[PDB]
Amino acid sequence: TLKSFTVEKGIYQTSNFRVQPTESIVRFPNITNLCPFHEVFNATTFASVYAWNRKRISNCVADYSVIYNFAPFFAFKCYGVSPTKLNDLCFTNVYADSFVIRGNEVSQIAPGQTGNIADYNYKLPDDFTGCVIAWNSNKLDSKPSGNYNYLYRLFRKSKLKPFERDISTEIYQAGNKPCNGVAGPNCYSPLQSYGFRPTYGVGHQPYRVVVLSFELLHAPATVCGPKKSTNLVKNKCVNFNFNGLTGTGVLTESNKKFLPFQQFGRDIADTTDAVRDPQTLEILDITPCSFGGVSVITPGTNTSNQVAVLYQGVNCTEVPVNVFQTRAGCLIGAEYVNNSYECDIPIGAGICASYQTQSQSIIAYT
Amino acid sequence: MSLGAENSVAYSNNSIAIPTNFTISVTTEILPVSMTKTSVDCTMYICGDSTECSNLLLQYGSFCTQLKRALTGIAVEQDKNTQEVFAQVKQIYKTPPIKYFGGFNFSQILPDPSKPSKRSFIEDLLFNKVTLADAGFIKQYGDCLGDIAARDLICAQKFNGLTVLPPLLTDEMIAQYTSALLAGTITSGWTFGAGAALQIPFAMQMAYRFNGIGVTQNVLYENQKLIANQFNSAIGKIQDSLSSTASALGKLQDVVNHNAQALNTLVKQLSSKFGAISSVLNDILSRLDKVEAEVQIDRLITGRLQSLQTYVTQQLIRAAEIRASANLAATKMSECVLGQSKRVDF
Amino acid sequence: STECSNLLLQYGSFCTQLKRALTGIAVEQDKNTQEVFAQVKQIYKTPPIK
Amino acid sequence: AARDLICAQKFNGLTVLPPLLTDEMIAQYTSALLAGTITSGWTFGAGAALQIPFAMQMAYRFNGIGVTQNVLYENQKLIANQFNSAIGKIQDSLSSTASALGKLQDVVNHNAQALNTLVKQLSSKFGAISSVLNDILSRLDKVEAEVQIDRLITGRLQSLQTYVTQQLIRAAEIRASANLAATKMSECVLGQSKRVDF
Amino acid sequence: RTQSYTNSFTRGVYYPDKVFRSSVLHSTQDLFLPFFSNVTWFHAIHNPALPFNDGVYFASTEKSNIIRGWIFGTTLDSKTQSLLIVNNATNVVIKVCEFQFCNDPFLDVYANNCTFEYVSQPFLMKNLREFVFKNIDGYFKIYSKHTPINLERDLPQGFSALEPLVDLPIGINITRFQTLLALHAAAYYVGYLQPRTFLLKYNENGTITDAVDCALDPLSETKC
Ligand SMILES: *[C@@H]1O[C@H](CO)[C@@H](O)[C@H](O)[C@H]1NC(C)=O
Ligand SMILES: *[C@@H]1O[C@H](CO)[C@@H](O)[C@H](O)[C@H]1NC(C)=O
Ligand SMILES: *[C@@H]1O[C@H](CO)[C@@H](O)[C@H](O)[C@H]1NC(C)=O
Ligand SMILES: *[C@@H]1O[C@H](CO)[C@@H](O)[C@H](O)[C@H]1NC(C)=O
Ligand SMILES: *[C@@H]1O[C@H](CO)[C@@H](O)[C@H](O)[C@H]1NC(C)=O
Ligand SMILES: *[C@@H]1O[C@H](CO)[C@@H](O)[C@H](O)[C@H]1NC(C)=O
Ligand SMILES: *[C@@H]1O[C@H](CO)[C@@H](O)[C@H](O)[C@H]1NC(C)=O
């Protein structure tokens, strides 16, 4: 730590000791059902963009490796998460939103986009965490005579708020003369047709779009992926996995009075101080296991290679990663004598150390 | 605002004003000497036993080596300040058990053997009035491990890599030095500050002090009881002001409060995102893949390193101020206690 | 700009520290002037005979 | 006419606060110190002000430096003339040469150039596409504008922290000089100093 | 129906998140009811729709248990799934089913597609009750609290934080709302939520005890 082969007399802060974790604990809710992703990604007909269908997924175990088997897409484009880490952690509820657009408007299915679909049909919020899945459907949602079964809304009074729907079909008016239900001069129907043909270009093909919307855990978790639980131990520094969040610390029984809607407890530095176990409705205090600072007390290497080690701030019945107890920690390797001299190496609250003949050894004194 | 009462002294070219009496005044000057010694572990503050964060923290060079070096220099400088101010006497002088000094009554400033820490009454009041933060100079990890009542700020500081180091000289050593200085002043005069302590009766020493300000020494010997009574009344008024008024010791309370508030700000900075998606490092590591979490970890590392740098720079500036005040206190210890000063308002 | 304010809210309390430091400097300047010049308890004035 | 520097400092959030004591109050304090020095000597700094004729006070000052007081009384008009000539020389030097007051001018100039640099740092791009937040917010969408605005925020925050740090160091220097000025007020004006070159 | 006006008297505080905090002051920004506001007292013996503007505070001080449920929407005469809440001595079924009900919603003590049929404990048991409704990003949030008021004259002083009960997963374009009656009279208060910033205070048991509205008077801005 000094980048030198010879050290001088004094006390040096070298490193920190940390108690390593022994076991691992995974605590997940006891859920045995399977999530209906096959009925979402494999359907005969999907709904129109202005009337998009929302499916609520809950009380099941979700495996995301079958999504590639169910549908022939390329990119599993997620925003708040990653595709490869979806099977480890878990959420409260998952929503699936299904519609068919053209190839030009796939880029508008994104947080912070404007246009036709993103402003009048389907708007994503700015803090959207989830994945957007899009794939070509020229062999299913196209006809040689023109597919008119899918409609889009291009005329509206105002922009659409996130996750809103508009199903009402009224004659849009853009002038002072009222339409009064008659599509005449300055009157247009807001529902226009895609008109899908297989002879169109690659940017005009139908695209089947499924939007998976995850919400982070605030309520006790109803959907969680495939992971076997582990029995709970206490009063040991372990690695825990409580409903998707990891960490290292010591779990003890807690005297905190949680309200029944509360599942966690945070500290001032925004760290999970207390946790609620998902299997048994029990409150557990999380505290990190023992640590501290280590100071090495030495004379020069010209004098001797003997050292004394001060474990700073700890009460060393808890020492490991003569023995004398100071108020700066406790001292290992120096023998406390009942004599007083001038200070040579300052240790702590009135305690010094020196190298004295009376064989040579390191002594500590006041 | 008013600058003071209007006065107009009666000046003439043949008129003088000569005082016919006097008063003995005892005033109080309070000077900071040291501050709290702290140590910060970067690897636990920034990362918190995450291996990936440590591996990306080694890419930033030796910023924490010089942060640690600066904090160590401040910590040694505090003990040096206390040593320069208080350890000025060579021998621990003791007062003889016959406590008669011409009628001057030093019981409120000389120590007593009833309590373990042999402090005086005025020192007891001064130590009771300046409330402390009760920081990590006393070990508290056994208490921080046991969750009792509510979590303290000190346990949140300790659990995030911030530590308070105890001073080298304990409070009873400072009280021993102060008592030795008082015994040398009372029994010897100023002779103990320039060589060997030569004893002198206290009335004759006070007559030397009266000769030092241009007053003939028979004025003391003809007014000894009045001056002794005035000194005793002024000491009693210092007692009553210390028992009643609580705003006199604001400098040492400000020294305590700044060091508490800086560590509280350093703990509260850990909840910031600094443009990342989360302030929690394990959430970033679990929700994301390698590269995107590396980007978010870099954002958090840059923000926490900047906050730590700001703390260390402000600590260096405050240590410079404290060192200037301690140099002034050591000069006042040499010139007022160990001698008699002709400098005006010193 | 509201977007810049919402993005600046994510940086913690750097500006509270900057405001505190500037306030301390500003109070310290008035303390400097008071400690240099207000060394007299009463406002004496010179007699008209010069 | 044209936009001032102080207006451009004001429009960007930089404000200069007035001191607590006005210049008339400082002049009142200075005149009170002068009147107490002339009409009392050093007696007004150690208690109540006791009057003494100025020739007798000056004889006390001569007695304090090791010269007997008959030297003043036998050379009073010569010493008065020498004092008046030296005060007139100070008048001539202050009306002629203006290079003596460079310390207070440096105090003014440092505070001017620090705020000028802090204003001029708003034109820097800091790796973004522009230094204007409105151009970034109009040209780009939300994510790209967030990236460019974050770069500008980091640069402006760094420059503001640099300003505050150098202001703290300058304030430490100013406080040391003010402590020296308070000591010289206590020891040169309110008394007579035996310290050499003080 | 008869209208009156009453001071809010520092009421209408709810828990902003499901995270336990104790012995700490927290700063939140959410749709709150501002302190000392001007709420409206309605005496129902007689009714146009009350507008839903950025959330609605609701309260009732009725011992006889007459007020029972609401309808939230825009038109409320069929054609759109709006809301339905019935709270009898039996279960408390929240429905989104339209009904084509009359313009005077009275209950007698002598439809179409449906999505939500939640059944839970009785909401209704000196029985002052509190309600906060909110519509943010398609989510309908409902908060509630009961308080044993001693002197039934107006809205009391003190604090009683509101706990979340039901989170409906969907709701679009809530602009108006209405209440019900029960006959064999009613008296409710309506307050309006505004995006205020609050400084919450937690005790050692994790209960919200005091709060400061940061935009009420300059003393509260100094406290914030
Ligand atoms: C989960 O475990 C708890 C306690 O071990 C039990 O009460 C509950 O019924 C279990 N749930 C299921 C679905 O098995
Ligand atoms: C979709 O479902 C139908 C009917 O169950 C089935 O015939 C078809 O093979 C399924 N598609 C895939 C890709 O499994
Ligand atoms: C902590 O240290 C003190 C000091 O000697 C000791 O009395 C106490 O027993 C220690 N606590 C333990 C060992 O749990
Ligand atoms: C002394 O003072 C008196 C009264 O002011 C004045 O008349 C006289 O001229 C003064 N003495 C001298 C030498 O000026
Ligand atoms: C003054 O001295 C006497 C002894 O002569 C002592 O009893 C008394 O307590 C002293 N005064 C004070 C205020 O302590
Ligand atoms: C509340 O608003 C009404 C509307 O005019 C007004 O008459 C009443 O005085 C207000 N209440 C106050 C200001 O307390
Ligand atoms: C917290 O709850 C305990 C147990 O009921 C009670 O004794 C204590 O007074 C409560 N603290 C408060 C109300 O501040």
# chains A, B, ... in the order shown; residues from 1 in each chain; ligands from 1
$ closest_atom_pairs --of "chain D" --to "ligand 4" --cutoff "12 Å" --atoms "only C-alpha atoms and all ligand atoms" --output "JSON lines"
{"residue": "D:53", "atom": "CA", "partner": "ligand 4", "partner_atom_place_in_ligand_line": "1 (C)", "distance": 9.6}
{"residue": "D:54", "atom": "CA", "partner": "ligand 4", "partner_atom_place_in_ligand_line": "1 (C)", "distance": 11.3}
{"residue": "D:55", "atom": "CA", "partner": "ligand 4", "partner_atom_place_in_ligand_line": "13 (C)", "distance": 11.0}
{"residue": "D:77", "atom": "CA", "partner": "ligand 4", "partner_atom_place_in_ligand_line": "13 (C)", "distance": 11.8}
$ write_last_selection --atoms "N, CA and C atoms" --output "PDB file, in the first residue's frame"
ATOM      1  N   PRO D  53      -4.037  67.426  27.480  1.00  0.00           N
ATOM      2  CA  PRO D  53      -3.578  68.284  26.383  1.00  0.00           C
ATOM      3  C   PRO D  53      -2.647  67.532  25.447  1.00  0.00           C
ATOM      4  N   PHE D  54      -2.705  67.895  24.161  1.00  0.00           N
ATOM      5  CA  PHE D  54      -2.027  67.113  23.130  1.00  0.00           C
ATOM      6  C   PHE D  54      -0.509  67.215  23.230  1.00  0.00           C
ATOM      7  N   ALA D  55       0.010  68.341  23.721  1.00  0.00           N
ATOM      8  CA  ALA D  55       1.444  68.445  23.970  1.00  0.00           C
ATOM      9  C   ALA D  55       1.879  67.508  25.092  1.00  0.00           C
ATOM     10  N   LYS D  77       7.530  73.556  18.253  1.00  0.00           N
ATOM     11  CA  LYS D  77       7.132  74.136  16.974  1.00  0.00           C
ATOM     12  C   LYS D  77       7.786  73.415  15.804  1.00  0.00           C
TER      13      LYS D  77
END
$ select_by_dssp --residues "region 43-261 of chain B" --states "strand (DSSP E or B)" --output "PyMOL selection string"
chain B and resi 162-165
$ interface_residues --of "chain D" --to "chain C" --cutoff "8 Å" --atoms "only C-alpha atoms" --output "JSON list (two decimals) with C-alpha atoms, in the first residue's frame"
[["chain", "number", "residue", "atom", "x", "y", "z"],
["D", 19, "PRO", "CA", -22.79, 45.37, 2.96],
["D", 20, "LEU", "CA", -24.45, 45.88, 6.33],
["D", 21, "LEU", "CA", -22.53, 49.04, 7.27],
["D", 26, "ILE", "CA", -17.53, 53.57, 8.55],
["D", 28, "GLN", "CA", -18.51, 57.80, 11.74],
["D", 29, "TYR", "CA", -16.46, 54.99, 13.31],
["D", 30, "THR", "CA", -13.23, 56.43, 11.87],
["D", 31, "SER", "CA", -14.04, 59.94, 13.15],
["D", 32, "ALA", "CA", -14.85, 58.57, 16.61],
["D", 33, "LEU", "CA", -11.52, 56.71, 16.71],
["D", 35, "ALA", "CA", -11.41, 62.09, 18.14],
["D", 36, "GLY", "CA", -10.73, 59.63, 20.95],
["D", 39, "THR", "CA", -8.44, 64.22, 22.82],
["D", 45, "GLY", "CA", -9.22, 52.02, 24.67],
["D", 133, "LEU", "CA", -31.24, 24.78, -24.10],
["D", 146, "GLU", "CA", -31.90, 14.71, -22.14],
["D", 149, "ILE", "CA", -28.89, 18.82, -21.47],
["D", 150, "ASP", "CA", -27.14, 16.44, -19.05],
["D", 153, "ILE", "CA", -25.67, 20.53, -16.71],
["D", 161, "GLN", "CA", -18.16, 24.63, -8.12],
["D", 164, "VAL", "CA", -17.25, 28.68, -5.19],
["D", 168, "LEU", "CA", -13.62, 30.28, -0.41],
["D", 171, "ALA", "CA", -12.23, 34.70, 1.52],
["D", 175, "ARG", "CA", -10.10, 37.17, 6.61],
["D", 178, "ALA", "CA", -8.80, 41.71, 8.18],
["D", 179, "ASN", "CA", -7.47, 40.02, 11.33],
["D", 181, "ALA", "CA", -6.05, 45.11, 10.28],
["D", 182, "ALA", "CA", -7.97, 44.58, 13.54],
["D", 185, "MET", "CA", -6.21, 49.04, 14.96],
["D", 186, "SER", "CA", -5.94, 47.70, 18.52]]
$ residues_near_ligand --ligand "ligand 3" --cutoff "8 Å" --atoms "only C-alpha atoms and all ligand atoms" --output "list in words"
residues 315, 316, 317, 325, 326 and 327 of chain A; 142 of chain B
$ atom_distance --atom1 "CA of residue 54 (chain B)" --atom2 "CA of residue 161 (chain B)"
14.4 Å
$ residues_near_ligand --ligand "ligand 5" --cutoff "10 Å" --atoms "only C-alpha atoms and all ligand atoms" --output "ChimeraX atom specification"
/B:99-100,103-109,121,232-233,235-237,239
$ write_last_selection --atoms "C-alpha atoms" --output "mmCIF file, in the first residue's frame"
data_model
loop_
_atom_site.group_PDB
_atom_site.id
_atom_site.type_symbol
_atom_site.label_atom_id
_atom_site.label_comp_id
_atom_site.auth_asym_id
_atom_site.auth_seq_id
_atom_site.Cartn_x
_atom_site.Cartn_y
_atom_site.Cartn_z
ATOM 1 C CA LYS B 99 -4.922 26.946 49.607
ATOM 2 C CA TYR B 100 -4.294 30.497 50.820
ATOM 3 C CA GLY B 103 -7.317 36.137 49.914
ATOM 4 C CA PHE B 104 -7.720 35.275 46.223
ATOM 5 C CA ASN B 105 -10.088 32.336 45.953
ATOM 6 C CA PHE B 106 -9.153 29.893 43.172
ATOM 7 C CA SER B 107 -11.500 27.038 44.123
ATOM 8 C CA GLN B 108 -13.693 27.397 41.028
ATOM 9 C CA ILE B 109 -10.754 26.899 38.646
ATOM 10 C CA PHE B 121 -16.285 23.499 38.423
ATOM 11 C CA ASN B 232 -13.814 36.883 43.956
ATOM 12 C CA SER B 233 -16.941 38.758 42.830
ATOM 13 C CA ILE B 235 -15.159 34.924 39.413
ATOM 14 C CA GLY B 236 -18.638 34.477 40.901
ATOM 15 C CA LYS B 237 -20.117 36.541 38.071
ATOM 16 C CA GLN B 239 -19.942 31.328 37.406
#
$ residues_near_ligand --ligand "ligand 1" --cutoff "6 Å" --atoms "only C-alpha atoms and all ligand atoms" --output "compact mmCIF listing (two decimals) with N, CA, C and O atoms, in the first residue's frame"
# COMPACT_ATOMS: atom_id res chain seq x y z
N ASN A 30 -44.74 -18.74 -3.30
CA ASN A 30 -45.14 -20.11 -3.65
C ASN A 30 -46.28 -20.15 -4.67
O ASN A 30 -47.45 -20.34 -4.36
N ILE A 31 -45.89 -20.04 -5.94
CA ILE A 31 -46.82 -19.93 -7.06
C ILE A 31 -46.49 -21.04 -8.05
O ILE A 31 -45.33 -21.22 -8.41
N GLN A 279 -42.98 -15.73 1.84
CA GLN A 279 -43.63 -16.98 2.23
C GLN A 279 -44.41 -16.81 3.53
O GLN A 279 -45.63 -16.97 3.56
N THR A 280 -43.70 -16.48 4.61
CA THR A 280 -44.31 -16.22 5.90
C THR A 280 -44.36 -14.72 6.12
O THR A 280 -43.34 -14.04 5.95
$ residues_around --residues "residue 212 (chain A)" --least-positions-apart "3" --cutoff "8 Å" --atoms "only C-alpha atoms" --output "list in words"
residues 94, 95, 96, 97, 130, 131, 132 and 133 of chain A
$ residues_near_ligand --ligand "ligand 7" --cutoff "7 Å" --atoms "only C-alpha atoms and all ligand atoms" --output "list in words"
residues 203, 204 and 205 of chain E
$ residues_around --residues "region 104-121 of chain D" --least-positions-apart "4" --cutoff "8 Å" --atoms "only C-alpha atoms" --output "MDAnalysis selection string"
chainID D and resid 5 8:9 12 14 156 159:160 163
$ select_by_dssp --residues "region 22-194 of chain D" --states "alpha helix (DSSP H)" --output "PyMOL selection string"
chain D and resi 23-40+54-64+70-73+76-96+102-120+133-139+142-184
$ residues_near_ligand --ligand "ligand 2" --cutoff "7 Å" --atoms "only C-alpha atoms and all ligand atoms" --output "list in words"
residues 42, 43, 69, 70 and 71 of chain A
$ write_last_selection --atoms "N, CA, C and O atoms" --output "PDB file, in the first residue's frame"
ATOM      1  N   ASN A  42     -49.874 -16.117 -29.897  1.00  0.00           N
ATOM      2  CA  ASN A  42     -50.400 -16.988 -30.948  1.00  0.00           C
ATOM      3  C   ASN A  42     -51.918 -16.848 -30.960  1.00  0.00           C
ATOM      4  O   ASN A  42     -52.633 -17.615 -30.311  1.00  0.00           O
ATOM      5  N   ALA A  43     -52.403 -15.862 -31.707  1.00  0.00           N
ATOM      6  CA  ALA A  43     -53.827 -15.642 -31.895  1.00  0.00           C
ATOM      7  C   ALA A  43     -54.112 -15.523 -33.383  1.00  0.00           C
ATOM      8  O   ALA A  43     -53.236 -15.152 -34.169  1.00  0.00           O
ATOM      9  N   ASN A  69     -40.054 -19.040 -29.290  1.00  0.00           N
ATOM     10  CA  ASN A  69     -40.670 -20.190 -29.943  1.00  0.00           C
ATOM     11  C   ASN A  69     -42.058 -19.858 -30.474  1.00  0.00           C
ATOM     12  O   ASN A  69     -42.473 -20.404 -31.502  1.00  0.00           O
ATOM     13  N   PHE A  70     -42.787 -18.973 -29.790  1.00  0.00           N
ATOM     14  CA  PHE A  70     -44.167 -18.696 -30.178  1.00  0.00           C
ATOM     15  C   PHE A  70     -44.255 -17.787 -31.401  1.00  0.00           C
ATOM     16  O   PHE A  70     -45.162 -17.944 -32.224  1.00  0.00           O
ATOM     17  N   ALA A  71     -43.334 -16.833 -31.539  1.00  0.00           N
ATOM     18  CA  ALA A  71     -43.430 -15.838 -32.596  1.00  0.00           C
ATOM     19  C   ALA A  71     -42.090 -15.667 -33.303  1.00  0.00           C
ATOM     20  O   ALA A  71     -41.038 -15.726 -32.657  1.00  0.00           O
TER      21      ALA A  71
END
$ decode --residues "region 326-337 of chain B" --atoms "N, CA, C and O atoms" --output "PDB file, in the first residue's frame"
ATOM      1  N   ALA B 326      -5.845  27.802  16.218  1.00  0.00           N
ATOM      2  CA  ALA B 326      -5.009  27.107  17.191  1.00  0.00           C
ATOM      3  C   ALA B 326      -3.654  27.783  17.353  1.00  0.00           C
ATOM      4  O   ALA B 326      -3.090  27.790  18.453  1.00  0.00           O
ATOM      5  N   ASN B 327      -3.111  28.347  16.269  1.00  0.00           N
ATOM      6  CA  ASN B 327      -1.886  29.137  16.370  1.00  0.00           C
ATOM      7  C   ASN B 327      -2.104  30.381  17.218  1.00  0.00           C
ATOM      8  O   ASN B 327      -1.242  30.747  18.033  1.00  0.00           O
ATOM      9  N   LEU B 328      -3.257  31.035  17.045  1.00  0.00           N
ATOM     10  CA  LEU B 328      -3.602  32.181  17.886  1.00  0.00           C
ATOM     11  C   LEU B 328      -3.751  31.782  19.351  1.00  0.00           C
ATOM     12  O   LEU B 328      -3.305  32.509  20.246  1.00  0.00           O
ATOM     13  N   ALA B 329      -4.367  30.626  19.612  1.00  0.00           N
ATOM     14  CA  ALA B 329      -4.532  30.150  20.984  1.00  0.00           C
ATOM     15  C   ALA B 329      -3.195  29.796  21.627  1.00  0.00           C
ATOM     16  O   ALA B 329      -3.003  30.024  22.824  1.00  0.00           O
ATOM     17  N   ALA B 330      -2.260  29.239  20.853  1.00  0.00           N
ATOM     18  CA  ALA B 330      -0.935  28.934  21.389  1.00  0.00           C
ATOM     19  C   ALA B 330      -0.143  30.205  21.685  1.00  0.00           C
ATOM     20  O   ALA B 330       0.584  30.271  22.687  1.00  0.00           O
ATOM     21  N   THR B 331      -0.282  31.226  20.834  1.00  0.00           N
ATOM     22  CA  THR B 331       0.336  32.523  21.109  1.00  0.00           C
ATOM     23  C   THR B 331      -0.250  33.174  22.360  1.00  0.00           C
ATOM     24  O   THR B 331       0.487  33.731  23.182  1.00  0.00           O
ATOM     25  N   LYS B 332      -1.572  33.092  22.532  1.00  0.00           N
ATOM     26  CA  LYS B 332      -2.205  33.653  23.724  1.00  0.00           C
ATOM     27  C   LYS B 332      -1.878  32.851  24.975  1.00  0.00           C
ATOM     28  O   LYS B 332      -1.886  33.399  26.078  1.00  0.00           O
ATOM     29  N   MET B 333      -1.620  31.554  24.829  1.00  0.00           N
ATOM     30  CA  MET B 333      -1.169  30.756  25.960  1.00  0.00           C
ATOM     31  C   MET B 333       0.240  31.155  26.374  1.00  0.00           C
ATOM     32  O   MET B 333       0.548  31.228  27.568  1.00  0.00           O
ATOM     33  N   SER B 334       1.107  31.428  25.395  1.00  0.00           N
ATOM     34  CA  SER B 334       2.475  31.839  25.702  1.00  0.00           C
ATOM     35  C   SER B 334       2.535  33.241  26.299  1.00  0.00           C
ATOM     36  O   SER B 334       3.329  33.494  27.208  1.00  0.00           O
ATOM     37  N   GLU B 335       1.715  34.169  25.809  1.00  0.00           N
ATOM     38  CA  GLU B 335       1.899  35.578  26.140  1.00  0.00           C
ATOM     39  C   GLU B 335       0.997  36.091  27.252  1.00  0.00           C
ATOM     40  O   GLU B 335       1.385  37.028  27.952  1.00  0.00           O
ATOM     41  N   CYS B 336      -0.191  35.521  27.439  1.00  0.00           N
ATOM     42  CA  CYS B 336      -1.084  35.945  28.512  1.00  0.00           C
ATOM     43  C   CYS B 336      -0.945  35.104  29.773  1.00  0.00           C
ATOM     44  O   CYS B 336      -0.928  35.652  30.876  1.00  0.00           O
ATOM     45  N   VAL B 337      -0.850  33.783  29.636  1.00  0.00           N
ATOM     46  CA  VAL B 337      -0.777  32.914  30.804  1.00  0.00           C
ATOM     47  C   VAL B 337       0.640  32.857  31.354  1.00  0.00           C
ATOM     48  O   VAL B 337       0.852  32.933  32.569  1.00  0.00           O
TER      49      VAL B 337
END
